[PDB]
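Below: one structure, written as structure tokens.
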Amino acid sequence: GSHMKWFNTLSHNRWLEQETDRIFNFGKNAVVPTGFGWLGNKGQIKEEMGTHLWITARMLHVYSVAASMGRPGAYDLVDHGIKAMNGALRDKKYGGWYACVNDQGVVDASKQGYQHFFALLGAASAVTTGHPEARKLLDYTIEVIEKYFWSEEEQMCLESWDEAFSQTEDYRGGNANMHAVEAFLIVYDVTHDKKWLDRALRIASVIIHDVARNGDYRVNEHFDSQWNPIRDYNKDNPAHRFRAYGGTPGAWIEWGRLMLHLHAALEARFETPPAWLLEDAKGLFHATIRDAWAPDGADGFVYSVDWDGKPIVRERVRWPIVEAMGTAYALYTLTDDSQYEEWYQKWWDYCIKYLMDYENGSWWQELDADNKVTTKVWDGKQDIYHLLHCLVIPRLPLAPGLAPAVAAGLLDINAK
Amino acid sequence: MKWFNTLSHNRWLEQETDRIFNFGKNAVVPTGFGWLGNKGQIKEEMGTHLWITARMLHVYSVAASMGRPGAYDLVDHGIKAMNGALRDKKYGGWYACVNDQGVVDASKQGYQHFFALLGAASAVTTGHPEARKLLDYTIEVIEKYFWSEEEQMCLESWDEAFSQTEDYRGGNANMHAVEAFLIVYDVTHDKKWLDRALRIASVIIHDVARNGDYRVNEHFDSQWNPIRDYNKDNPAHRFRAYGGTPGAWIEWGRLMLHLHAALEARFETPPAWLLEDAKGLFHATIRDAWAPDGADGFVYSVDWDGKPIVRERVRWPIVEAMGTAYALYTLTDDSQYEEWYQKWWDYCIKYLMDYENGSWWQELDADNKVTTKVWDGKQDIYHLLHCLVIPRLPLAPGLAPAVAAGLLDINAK
Amino acid sequence: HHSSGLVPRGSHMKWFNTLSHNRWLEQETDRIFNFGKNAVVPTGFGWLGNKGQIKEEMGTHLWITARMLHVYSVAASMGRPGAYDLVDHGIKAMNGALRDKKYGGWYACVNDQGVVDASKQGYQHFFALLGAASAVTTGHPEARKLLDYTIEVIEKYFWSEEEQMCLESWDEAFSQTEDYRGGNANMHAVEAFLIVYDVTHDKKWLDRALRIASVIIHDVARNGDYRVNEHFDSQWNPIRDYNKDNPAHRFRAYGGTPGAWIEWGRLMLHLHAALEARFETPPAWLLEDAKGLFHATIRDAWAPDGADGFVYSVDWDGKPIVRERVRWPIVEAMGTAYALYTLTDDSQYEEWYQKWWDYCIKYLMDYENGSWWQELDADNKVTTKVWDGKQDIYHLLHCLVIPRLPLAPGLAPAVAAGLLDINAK
Amino acid sequence: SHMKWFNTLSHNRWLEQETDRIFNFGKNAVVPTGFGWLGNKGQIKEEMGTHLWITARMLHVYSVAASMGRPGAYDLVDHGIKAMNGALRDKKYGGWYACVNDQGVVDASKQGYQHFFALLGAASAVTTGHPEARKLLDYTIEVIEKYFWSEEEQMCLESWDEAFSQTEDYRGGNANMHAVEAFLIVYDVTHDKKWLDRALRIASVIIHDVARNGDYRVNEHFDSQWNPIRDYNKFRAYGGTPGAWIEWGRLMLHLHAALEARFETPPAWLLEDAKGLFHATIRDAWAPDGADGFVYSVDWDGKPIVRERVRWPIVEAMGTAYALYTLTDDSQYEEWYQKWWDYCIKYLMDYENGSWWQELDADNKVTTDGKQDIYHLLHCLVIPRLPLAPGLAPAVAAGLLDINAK
Ligand SMILES: O=S(=O)(O)C[C@H]1O[C@](O)(CO)[C@@H](O)[C@@H]1O
Ligand SMILES: O=S(=O)(O)C[C@H]1O[C@](O)(CO)[C@@H](O)[C@@H]1O
Ligand SMILES: O=S(=O)(O)C[C@H]1O[C@](O)(CO)[C@@H](O)[C@@H]1O
Ligand SMILES: O=S(=O)(O)C[C@H]1O[C@](O)(CO)[C@@H](O)[C@@H]1O
């Protein structure tokens with residue numbers, strides 16, 4: 001009919017900032033002596049879940065952004081995060097970080113690559129605040145990543161180890177490798193050591209440009225030690241929180257945004273990006289809508305699909321649509337194609353209608369196939385890190401990345 | 001009195017910038033850029049110099065990003081010249097000087113090769129389709145012959161065939177290496193270019209200059225020991241003056257503040273000596289070389305006691321001083337730096353700016369009357385961007401990248 | 001839609017919507033305004049030569065007088081002292097010696113002694129309409145009365161309700177109309193109607209503009225590979241061979257005039273933008289055909305003969321006939337590049353704009369004698385063949401002012417509404 | 001429609017570029033004793049010597065140029081301050097000789113109107129922060145308070161002999177008007193309210209009492225008891241100088257704006273009388289004789305006497321149009337400003353020989369002593385780019401150029 005304009009309007013960006021403050025305030029209750037706890041549906045700590053590395057590292061990242069946004073108390077949460085990464089979570093005998101601890105000791109002693117890449121992101125985002133211990137934490141995290149999680153032999157990321165780093169898992173994961181790309185982008189932004197961007201491009205070339213593109217942009221996540229897909233992985237456990245059977249369309253559209261951050265990093269240094277970053281980001285965006293948007297007679301993104309693109313887990317988890325909104329912004333920024341803003345607007349309307357929770361705080365984690373609140377895949381409201389991708393990313397250029405851009409004063413730079 | 005970051009001052013700067021861009025256009029010759037005389041006509045006897053051709057490529061890259069019609073054509077002409085008669089097809093790199101008949105000076109001058117690197121890196125910011133290929137080639141030549149991994153410093157020069165390197169190491173060539181490396185960093189975001197820049201500055205400024213009351217030693221032997229008496233018999237050399245060249249001291253200061261700004265832009269604490277030594281160089285330049293002989297202006301050279309030797313006021317030292325005043329003001333907010341900038345602007349319009357014949361005079365005598373002694377014509381406009389465009393831009397990224405990124409007047413109201 | 005003639009680029013050099021480029025444009029605009037001021041004569045605006053002197057032998061043309069009224073309306077809204085006096089002079093000339101007191105409308109040409117050419121030229125009357133509508137944006141107290149009069153003349157003699165198209169010309173007495181229908185007159189009708197719409201919001205002006213474009217572009221031009229047919233008989237059938245014996249005509253060249261093709265493109269994008277400004281989805285053929293015209297203009301007329309520049313005319317196979325580089329075609333091309341960039345965000349249109357700007361300063365701009373050359377030979381050296389002097393500055397606002405403004409409302413309205421550099425940083 | 005110029009960046013860019021043309025013309029006036037008298041080709045007329053009023057005005061002009069970021073301007077401020085501390089300065093009796101040259105004193109008289117320009121020049125120079133400016137202002141204030149501001153009359157005196165032994169048996173609107181102009185800027189660089197109190201008092205006597213009661217025809221010539229001399233001279237034209245009427249209007253609006261800037265309700269008569277003066281100036285002096293332009297003087301019936309179009313009256317009219325527009329938002333004031341700009345480029349501006357003509361005949365053709373002033377031109381070139389408070393030099397120094405423009 002005509003173009004309703006939200007992107008780069010101060011009116012929309014004011015609404016985003018005020019929702020951002022609501023989300024920052026919800027996450028503050030997660031402070032526990034050993035790091036950040038697991039928030040439930042009323043913003044209370046679920047003490048039985050203990051202190052997870054992935055949640056502690058994500059909150060360190062989140063409050064780095066909040067601190068650069070000039071929020072009192074955020075810097076204290078960054079300081080608390082860095083103390084936790086130097087304290088109870090840190091394995092003093094073998095190095096790196098336990099997956100989960102509590103006041104009594106270690107709950108899960110395993111060394112999870114997924115969670116270590118979030119440690120790297122958290123440390124790199126914390127660097128943007130100039131916290132005096134942030135750069136030392138990043139340098140240590142880099143040594144752990146290069147010793148145990150980045151393989152020079154495979155030129156890809158490993159998945160996990162036992163406590164003692166004696167045996168690595170006979171498995172390679174798209175999820176851990178995707179969050180490696182995310183962390184590497186920010187490590188690049190705070191080092192300009194080229195190898196971080198080279199590693200990110202290489203990971204995307206293998207998982208997206210080779211495997212995903214050849215399967216109609218259905219991202220394969222599960223691989224053996226020779227980087228062959230395991231198509232049947234977790235067939236008996238399809239609703240796994242991190243390793244769902246088949247395809248996780250939320251992850252496809254997230255890969256898209258990350259490859260546009262890579263594209264934008266190359267353009268920021270006056271370098272023509274390879275054409276496949278934008279072509280594949282478009283392919284992933286359109287595949288996500290083709291297979292996973294309202295495929296079953298109601299609005300929303302399903303959690304998982306088979307290799308034919310037919311839904312398996314039909315629950316609407318929060319993070320897939322949040323990532324979709326981030327990618328819509330990134331594609332709009334690089335194409336000026338108004339279809340991407342229309343999707344962003346449609347998804348915002350769905351989010352306030354079904355996911356946003358003004359009564360109990362933050363957003364619901366999970367809805368059923370009719371978009372009614374449920375508990376099946378998940379349990380509580382333990383994450384706010386994804387929400388910055390629909391609340392803060394649309395206020396920033398695509399280079400440098402989220403925490404660096406906010407710290408460089410770039411919030412609303414393109415808005416009038 | 002407020003000039004820095006005012007649109008009124010920056011409008012005056014842009015209008016003078018257009019006058020300078022217009023003057024340089026007449027330097028176009030088939031083999032690159034010629035040597036302009038005092039009326040902006042080509043001095044054909046000087047032929048086509050690599051340093052002038054590379055500098056004009058840089059200048060018209062900035063002009064093109066400023067939206068000036070014709071500038072991009074000059075960028076195109078510059079890149080063709082760097083792929084044409086100046087390029088040594090047998091041994092690689094570039095001849096120092098050519099003309100329409102062939103090679104005039106076949107030597108491989110590091111000073112001039114670092115300007116080739118700056119020119120190629122600035123040209124990349126225009127997106128000219130051959131710029132990146134020229135930069136990649138220039139990088140290979142620099143890393144093969146001019147950056148020494150053994151010394152972690154820049155060599156000076158070679159014969160045509162790259163068979164023997166000069167038994168000499170130079171502050172001047174190493175300073176213009178730092179200048180080029182900053183822009184290579186801005187168009188690669190490969191930290192090794194900034195690591196090299198920091199290392200060069202640590203040796204020439206933080207070690208030697210600081211220990212001599214910030215009187216920069218420029219002349220070294222192959223083991224990086226100072227030759228204090230170098231060119232005693234030829235004190236007014238255009239590139240290697242006897243003793244200290246205070247214009248170079250204050251220029252080193254600005255370059256170290258660009259390095260500082262690059263490190264802060266990626267959330268890295270710059271070493272404290274970049275700002276401390278930039279201040280030391282700025283104050284030493286004023287102490288020894290500003291009105292040291294009973295009249296305003298910066299002398300060309302001083303002895304190791306800081307007393308003038310060549311008392312002629314060459315154009316580029318005061319232009320560089322004005323750039324450094326801006327950079328120090330930007331990092332300190334100390335209004336003494338703006339006072340110096342304003343005082344130097346008043347001197348420049350009174351004695352150096354030439355509205356009748358175009359551009360600025362290259363050289364004045366000890367009473368600030370136009371002269372010919374050290375120099376001959378108006379062959380440079382590259383230095384003028386440091387007092388005309390730099391004060392309109394942040395210190396990171398560098399000049400050509402910042403203009404191309406839309407940052408002109410970003411801090412002004 | 002991709003044309004030959006650009007080397008692909010490694011990064012985006014940004015000029016459009018930069019205050020640095022727009023400052024360069026404004027300073028060139030002031031140089032052009034200053035050149036036109038010497039054209040003031042008692043009966044209107046004279047014909048300026050290569051040194052900015054009046055060529056008195058050419059007398060006072062309606063088309064030049066009406067164009068200068070339009071130009072100084074823009075200058076007046078830009079806050080230039082003296083411009084409003086030239087608008088006042090223009091309106092007095094349109095109410096004085098040029099005006100036919102017996103039959104109405106305006107003589108084509110007068111001088112201090114009387115009428116030189118008494119004919120009633122539609123081409124020139126549509127410039128009278130544009131001039132009056134642009135003058136309205138200044139609020140000159142006689143402008144609205146001049147527009148109302150001009151509208152009456154246009155609706156009586158030049159817009160045909162029967163054909164739903166514009167007629168070409170009449171004798172002095174409006175007794176017989178020319179056995180000819182012209183793309184050129186109809187194109188400048190569209191241009192004028194856009195501005196009449198902007199100062200009336202009487203829908204019929206935009207309806208008439210859309211209708212004219214639907215016939216000359218969407219029907220005839222599109223079916224001939226976007227080679228605009230300009231010459232028609234009274235039944236609107238093409239006369240393909242028109243002026244075969246007089247191929248270098250200043251207004252009615254034999255075959256196709258690619259400058260006019262790319263100009264049609266920009267006008268259709270002003271029409272598109274007028275519809276979007278009132279929250280109405282424009283028909284898709286306005287943008288599709290503007291792209292077709294832009295790419296056809298480059299295909300047939302850009303550097304077809306071993307040197308840069310736009311040739312004046314091509315035959316129906318796209319073979320150049322008049323190879324001289326006249327000023328206005330590349331100026332219009334630059335305007336259309338801006339309009340297409342604004343609606344597509346396709347950087348190929350900015351690259352063409354930048355390439356054409358580089359050509360203009362190299363070969364057309366005349367800093368020594370003033371303004372720009374009117375005409376170059378096939379090697380881009382100054383010549384005299386099609387034209388004679390520097391009688392026009394109206395086209396130059398399309399590459400100097402249009403790139404500083406939104407596409408709606410039109411040129412004079414947008415400047416008067418404070419929109420200069422609204423999108424620039 | 002309204003054609004919009006005021007507060008548009010497009011118009012203000014045209015104004016700044018003309019301002020630079022005017023700054024460049026004045027630079028040739030530098031002589032060792034101060035600022036010389038420029039002729040019609042921008043050459044020094046050496047026979048005219050160094051006038052106090054011209055030297056003080058150029059000090060003011062290059063203070064504005066220096067705050068505008070023009071290289072060379074600050075050197076001219078420094079030169080101006082040195083001239084006010086050198087040969088112009090009476091070392092024996094204090095204040096400044098009216099005219100000197102390289103050899104010595106040409107006119108030793110102590111002219112009030114020229115001393116108030118010395119005060120304006122010193123106050124404008126203070127806004128540059130030149131280290132000798134404040135000392136020059138403090139000295140100038142002492143001379144003004146000793147000899148030119150009368151605590152007894154609460155008005156300004158006109159002139160004295162060299163030795164300050166006898167004051168002239170005359171009181172003038174012109175000296176008192178330029179006192180108001182200087183006092184406004186002294187207020188802006190001291191925030192001592194007494195300068196604004198004195199300005200309001202001067203205006204209350206010359207405008208609110210006498211001018212208002214005579215249909216806003218300002219009486220300029222008074223005896224020592226401040227009674228009008230209507231017949232005087234059957235700088236001191238017989239009858240009314242309408243240029244001065246409209247100038248008084250702008251100055252009272254600067255006074256109004258200074259009071260509003262410190263949250264003080266200005267008396268209603270400042271705006272009412274500025275409007276009265278503006279409309280009286282149009283009524284009697286705009287195109288009163290069959291051709292465009294402002295005549296120089298009129299009789300007490302408002303009929304022209306001296307029909308020459310001098311440059312400064314229309315320049316001041318343009319300043320007042322801006323000030324009235326700023327306080328009323330009445331577009332009639334912008335229409336007058338636009339009409340006067342069109343007249344100025346057509347008849348006064350001289351692109352061939354530089355600057356503007358000083359004087360035209362009754363048919364607006366140039367007529368027959370040079371182009372010795374550029375100070376008035378800032379009132380139509382810079383004032384329309386600034387708020388009405390603080391005043392011209394302070395506002396530019398505070399970064400307020402184009403603050404209201406888009
Ligand atoms: O954010 S949570 O929803 O609590 C955890 C999810 O983050 C992802 O890696 C998405 O990229 C999922 O695999 C996790 O379940
Ligand atoms: O620019 S010129 O004056 O032509 C040359 C000077 O540039 C410098 O390297 C300064 O950075 C001098 O040594 C050259 O003479
Ligand atoms: O502007 S001029 O070159 O003098 C006249 C041209 O304008 C056109 O109508 C193009 O739109 C041509 O037909 C005229 O020759
Ligand atoms: O500026 S000049 O025209 O040279 C001098 C005039 O200034 C006034 O004081 C106007 O306010 C007049 O009395 C002078 O003649």
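All residue names refer to the structure tokens as shown: chains lettered A, B, ... in order, residues numbered from 1 in each chain, ligands numbered from 1 in order.
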*Residues within 8 Å of ligand 3, counting only C-alpha atoms and all ligand atoms: report them as a PyMOL selection string.*
chain C and resi 64+123+184-185+187-188+250-252+259-260+263+326-329+374+387+390-395
*So which bits of range 199-299 of chain A end up strand (DSSP E or B) when you DSSP the backbone, as a list in words?*
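Residues meeting the strand (DSSP E or B) criterion: residues 222, 223, 229, 247 and 293 of chain A.
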Write a file of the just-selected residues containing C-alpha atoms, as a PDB file, in the first residue's frame.
```
ATOM      1  CA  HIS A 222      25.015 -32.633  13.951  1.00  0.00           C
ATOM      2  CA  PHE A 223      28.322 -33.993  12.552  1.00  0.00           C
ATOM      3  CA  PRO A 229      26.389 -34.990   8.838  1.00  0.00           C
ATOM      4  CA  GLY A 247      16.840 -28.524  11.530  1.00  0.00           C
ATOM      5  CA  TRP A 293       6.763 -19.508   9.673  1.00  0.00           C
TER       6      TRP A 293
END
```
Could the residues of chain B that have an atom at most 9 Å from chain C be listed as a tab-separated table, each with its closest atom pair and the distance in Å to one decimal, counting only C-alpha atoms and ordered by chain and ascending residue number?
```
residue	atom	partner	partner_atom	distance
B:14	CA	C:20	CA	8.8
B:64	CA	C:13	CA	7.9
B:65	CA	C:13	CA	6.3
B:66	CA	C:20	CA	5.6
B:67	CA	C:21	CA	4.3
B:68	CA	C:21	CA	6.7
B:69	CA	C:358	CA	4.9
B:70	CA	C:358	CA	4.4
B:71	CA	C:358	CA	7.6
B:72	CA	C:358	CA	7.3
B:73	CA	C:358	CA	6.7
B:124	CA	C:10	CA	7.9
B:125	CA	C:11	CA	7.2
B:126	CA	C:13	CA	5.4
B:127	CA	C:11	CA	4.0
B:128	CA	C:9	CA	5.7
B:129	CA	C:9	CA	4.6
B:130	CA	C:10	CA	8.3
B:131	CA	C:10	CA	8.2
B:132	CA	C:10	CA	7.7
B:404	CA	C:13	CA	6.9
B:405	CA	C:14	CA	8.5
B:406	CA	C:18	CA	7.5
B:408	CA	C:20	CA	8.0
```
Once you have the residues from the selection above, write them out as a compact mmCIF listing (two decimals), in the first residue's frame, restricted to N, CA, C and O atoms.
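Ended up saving to selection16.txt:
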```
# COMPACT_ATOMS: atom_id res chain seq x y z
N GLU B 14 37.07 24.51 4.08
CA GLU B 14 36.65 23.76 2.87
C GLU B 14 36.86 24.62 1.61
O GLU B 14 37.24 24.07 0.57
N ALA B 64 37.79 13.24 -4.11
CA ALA B 64 36.73 12.38 -4.69
C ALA B 64 35.72 12.03 -3.58
O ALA B 64 34.49 12.15 -3.81
N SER B 65 36.19 11.65 -2.41
CA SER B 65 35.30 11.35 -1.25
C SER B 65 34.56 12.63 -0.82
O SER B 65 33.49 12.50 -0.24
N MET B 66 35.10 13.82 -1.11
CA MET B 66 34.46 15.10 -0.73
C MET B 66 33.40 15.48 -1.76
O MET B 66 32.72 16.53 -1.58
N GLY B 67 33.22 14.68 -2.81
CA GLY B 67 32.17 14.89 -3.82
C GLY B 67 32.56 15.92 -4.87
O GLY B 67 31.63 16.51 -5.46
N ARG B 68 33.87 16.11 -5.14
CA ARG B 68 34.35 17.05 -6.19
C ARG B 68 34.43 16.35 -7.54
O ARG B 68 35.23 15.42 -7.71
N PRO B 69 33.62 16.79 -8.53
CA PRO B 69 33.72 16.27 -9.89
C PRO B 69 35.15 16.47 -10.42
O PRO B 69 35.77 17.45 -10.10
N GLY B 70 35.65 15.49 -11.18
CA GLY B 70 36.98 15.48 -11.79
C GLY B 70 38.01 14.77 -10.93
O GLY B 70 39.00 14.26 -11.49
N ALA B 71 37.83 14.74 -9.60
CA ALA B 71 38.82 14.17 -8.66
C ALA B 71 39.04 12.67 -8.96
O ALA B 71 40.20 12.21 -8.96
N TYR B 72 37.95 11.94 -9.19
CA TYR B 72 37.98 10.48 -9.43
C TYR B 72 38.78 10.18 -10.70
O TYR B 72 39.52 9.19 -10.72
N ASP B 73 38.64 11.02 -11.72
CA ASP B 73 39.46 10.95 -12.97
C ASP B 73 40.94 11.05 -12.63
O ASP B 73 41.72 10.34 -13.25
N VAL B 124 42.13 3.14 -2.23
CA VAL B 124 41.18 2.04 -1.85
C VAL B 124 39.88 2.65 -1.30
O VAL B 124 38.82 2.14 -1.64
N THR B 125 39.94 3.76 -0.55
CA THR B 125 38.73 4.35 0.10
C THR B 125 37.74 4.87 -0.95
O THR B 125 36.59 5.08 -0.58
N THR B 126 38.18 5.09 -2.19
CA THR B 126 37.31 5.55 -3.29
C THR B 126 36.59 4.37 -3.94
O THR B 126 35.62 4.63 -4.69
N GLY B 127 37.04 3.14 -3.70
CA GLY B 127 36.49 1.95 -4.37
C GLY B 127 36.83 1.89 -5.86
O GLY B 127 36.25 1.09 -6.59
N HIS B 128 37.78 2.69 -6.34
CA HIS B 128 38.32 2.51 -7.71
C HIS B 128 38.65 1.03 -7.88
O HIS B 128 39.32 0.44 -7.03
N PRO B 129 38.15 0.38 -8.97
CA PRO B 129 38.27 -1.07 -9.13
C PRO B 129 39.69 -1.64 -9.17
O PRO B 129 39.81 -2.81 -8.96
N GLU B 130 40.71 -0.82 -9.44
CA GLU B 130 42.13 -1.27 -9.52
C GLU B 130 42.89 -0.88 -8.25
O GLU B 130 44.06 -1.27 -8.14
N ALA B 131 42.26 -0.20 -7.28
CA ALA B 131 42.98 0.33 -6.09
C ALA B 131 43.48 -0.81 -5.20
O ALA B 131 44.65 -0.77 -4.79
N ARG B 132 42.62 -1.78 -4.89
CA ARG B 132 42.95 -2.89 -3.96
C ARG B 132 44.10 -3.70 -4.56
O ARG B 132 45.05 -4.01 -3.80
N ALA B 404 35.83 9.33 3.56
CA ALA B 404 35.03 8.35 2.80
C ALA B 404 33.88 7.82 3.68
O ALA B 404 32.81 7.55 3.13
N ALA B 405 34.09 7.74 5.00
CA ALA B 405 33.09 7.22 5.97
C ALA B 405 32.09 8.31 6.36
O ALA B 405 31.28 8.03 7.24
N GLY B 406 32.13 9.50 5.76
CA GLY B 406 31.14 10.57 5.99
C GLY B 406 31.40 11.35 7.27
O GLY B 406 30.48 12.01 7.75
N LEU B 408 33.36 14.07 7.88
CA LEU B 408 33.69 15.52 7.79
C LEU B 408 32.74 16.32 8.68
O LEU B 408 31.54 16.21 8.45
```
*Could you name the residues that touch residue 284 in chain D at 12 Å or less, counting only C-alpha atoms, but leaving out those on the same chain fewer than 2 positions away, as a ChimeraX atom specification?*
/D:215-218,240-243,245-246,277-282,286-289,293-305,307
*asked:* I'd like the contact shell of residue 54 in chain A - 7 Å cut-off, only C-alpha atoms, skipping same-chain residues fewer than 3 positions apart - returned as a PyMOL selection string.
replied: chain A and resi 57-58+115+118
_Between D:87, D:66, D:44, D:3, which residue has the minimum interatomic distance to chain B, considering only C-alpha atoms?_
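Of D:87, D:66, D:44, D:3, the one nearest chain B is D:66, counting only C-alpha atoms.
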*Just need the residues of chain C within 7 Å of chain D, counting only C-alpha atoms, so spit them out as a PyMOL selection string.*
chain C and resi 77-82+85+137-139+416
Serialized selection, N, CA, C and O atoms, as a CSV table (one decimal), in the first residue's frame:
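The result, stored in result-v2.csv:
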```csv
chain,number,residue,atom,x,y,z
C,77,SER,N,13.6,31.5,-3.9
C,77,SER,CA,13.3,30.6,-2.8
C,77,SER,C,14.6,30.2,-2.1
C,77,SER,O,14.6,29.8,-0.9
C,78,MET,N,15.8,30.2,-2.8
C,78,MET,CA,17.1,29.8,-2.2
C,78,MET,C,17.7,31.0,-1.4
C,78,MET,O,18.8,30.8,-0.9
C,79,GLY,N,17.0,32.1,-1.4
C,79,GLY,CA,17.4,33.3,-0.6
C,79,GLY,C,18.5,34.1,-1.3
C,79,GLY,O,19.2,34.8,-0.6
C,80,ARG,N,18.5,34.1,-2.6
C,80,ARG,CA,19.5,35.0,-3.4
C,80,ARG,C,18.8,36.4,-3.7
C,80,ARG,O,17.8,36.5,-4.4
C,81,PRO,N,19.4,37.4,-3.1
C,81,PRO,CA,19.0,38.8,-3.4
C,81,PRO,C,19.0,39.0,-5.0
C,81,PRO,O,20.0,38.5,-5.6
C,82,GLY,N,18.0,39.7,-5.5
C,82,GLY,CA,17.9,40.1,-6.9
C,82,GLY,C,17.1,39.1,-7.7
C,82,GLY,O,16.6,39.5,-8.7
C,85,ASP,N,13.4,40.1,-8.1
C,85,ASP,CA,13.3,41.2,-9.2
C,85,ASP,C,13.3,40.5,-10.6
C,85,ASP,O,12.6,41.1,-11.4
C,137,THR,N,5.2,29.8,-6.3
C,137,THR,CA,5.9,29.3,-5.1
C,137,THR,C,6.6,30.5,-4.4
C,137,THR,O,7.0,30.4,-3.2
C,138,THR,N,6.9,31.6,-5.1
C,138,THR,CA,7.5,32.8,-4.5
C,138,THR,C,6.5,33.7,-3.8
C,138,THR,O,6.9,34.6,-3.1
C,139,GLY,N,5.2,33.5,-4.1
C,139,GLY,CA,4.1,34.4,-3.6
C,139,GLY,C,4.2,35.8,-4.2
C,139,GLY,O,3.4,36.6,-3.7
C,416,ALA,N,10.9,26.0,-2.0
C,416,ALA,CA,10.1,27.0,-1.3
C,416,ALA,C,9.7,26.4,0.0
C,416,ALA,O,9.6,27.2,1.0
```
